[PDB]
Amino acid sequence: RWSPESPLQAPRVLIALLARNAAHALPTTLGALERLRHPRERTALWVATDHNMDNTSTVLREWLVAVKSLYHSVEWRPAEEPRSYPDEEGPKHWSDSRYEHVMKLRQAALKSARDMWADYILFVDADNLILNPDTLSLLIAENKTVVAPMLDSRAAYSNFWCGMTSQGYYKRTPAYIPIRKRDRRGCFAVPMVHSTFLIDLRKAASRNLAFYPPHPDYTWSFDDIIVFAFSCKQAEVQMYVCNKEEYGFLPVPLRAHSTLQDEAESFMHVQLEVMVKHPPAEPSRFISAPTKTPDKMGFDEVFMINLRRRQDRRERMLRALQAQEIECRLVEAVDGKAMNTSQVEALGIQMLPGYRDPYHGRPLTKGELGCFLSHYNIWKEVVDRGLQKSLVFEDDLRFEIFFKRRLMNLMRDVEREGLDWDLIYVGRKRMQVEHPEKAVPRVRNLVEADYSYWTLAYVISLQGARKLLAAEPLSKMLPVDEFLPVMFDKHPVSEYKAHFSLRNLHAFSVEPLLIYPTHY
């Protein structure tokens, strides 16, 4: 008698989470873990927290109380005091006592996973955003003993090394950049993975892995990720990292003497990166992130040019600003194509005679016409309202880490040196690279702007806005990203600089650039 058997239940996974000073990330992080597409009855939670200066243990307690019932079992290990290690130089410093405790904690979770007869233990760092809900399944599918998903960061940094130095140090190899950029996809044998990775406790070799104490043959630095990575060579467990698709993101780790506000803003920049091509990462339905309140960053006005039909750029940029606690006046761009040639003459507009595209030798486009007129209207509004220092934004740009603090301090430095300035490039395309641009003395992170090529974001002074309107550019219309290099007299073509008599613009660029385009 043939009789069909019912399906096998999903593998049993223990999600082990260590949390110290992570209240900034838990709404986005724990919310992602809830929504993992793995049956919660085949999932268990293991949570350890201590040495907190923020309200990390409170947020965890409330999340766990909220989801305790959906899971197979929950383990809760808080420790309110002490709030910091007796041998630390700061919270972002990795002392040996901190290295030891975290090693003991991951061993504790590992033993905890073994004792409950789980199939897998998945480690997730508290600021590791596992955006893809299928990540756990895809990692279980590769059938590796220790496999990790390649999480994306703002820099080359990711949760894996391609080389190692026979003394445990990091090592570049030709394979890193290809894997990191998803040019080669697959699951690659690597000497080091960390942050988030999946251990398959079904494999016999997993019985020989340990996070603490180090292997008897260990002879390297007291460093948690090195100790575990060495446990894998001795167990002959090969570590793998996969990038076959996107899984999640993570912030670049700070230095020892970094602050918590550094870390908080770093994870906020992670949320920005996600929004470059994804919807904003949603929080848990039981945890709320604290209300933020924006400001103008000390400028007199913050503009953002946006064409009304570009709705999604608008919503993205306003989300990107809200999270940075930045507020702006939205300025509706002039649709150049919507201008019949009658309305073009009604404003006295004529192209700069004999203008050709620097790459296709073509005339001024209706699109560039509207772009110029949008900035021109902002210059007109600057003079009307007498705005001393205004910040101008276009609507398709990605922000650097610590954008607000880094910009507010250059303005404070420029002011304390009383620098006579008209225009400060916050984002541009530096066309003069063969020798460094002339550093501006006494003002850190500021150079004299040579030939540039964009208008993504700049700071304009009321003096500068007068100098630009003064040139009467409407009659000699030129792409605004070239009208400016003409005005600070660094444009290459001399024929163009002839049509403008008084080219007296003090133009400086922020160095390095704080704003880049989304698409490149």
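Position 1 is the first residue in the sequence shown; the rest follow in order.
Legend: mean Cα B-factor per stretch from the PDB entry, 464 to 472 versus 30 to 38; the higher mean is in 464 to 472. Mean CA temperature factor is higher for 502 to 510 when stretches 20 to 28 and 502 to 510 are set side by side in the entry. Out of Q234, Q271, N340, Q238, the entry records its largest CA B-factor for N340. The PDB entry assigns the greatest CA B-factor among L45, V493, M53, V65 to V493. Per-chain ranking of the deposited C-alpha B factor places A323 in the lowest third. Per-chain ranking of the deposited C-alpha B factor places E142 in the lowest third.
Residue-level temperature factors show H101 in the lowest third of its chain, judged at the C-alpha atom. For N243, the recorded CA B-factor ranks within the middle third of the chain. Only modelled residues enter the ranking. Ranked by Cα temperature factor within the chain, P86 sits in the middle third according to the deposited record.
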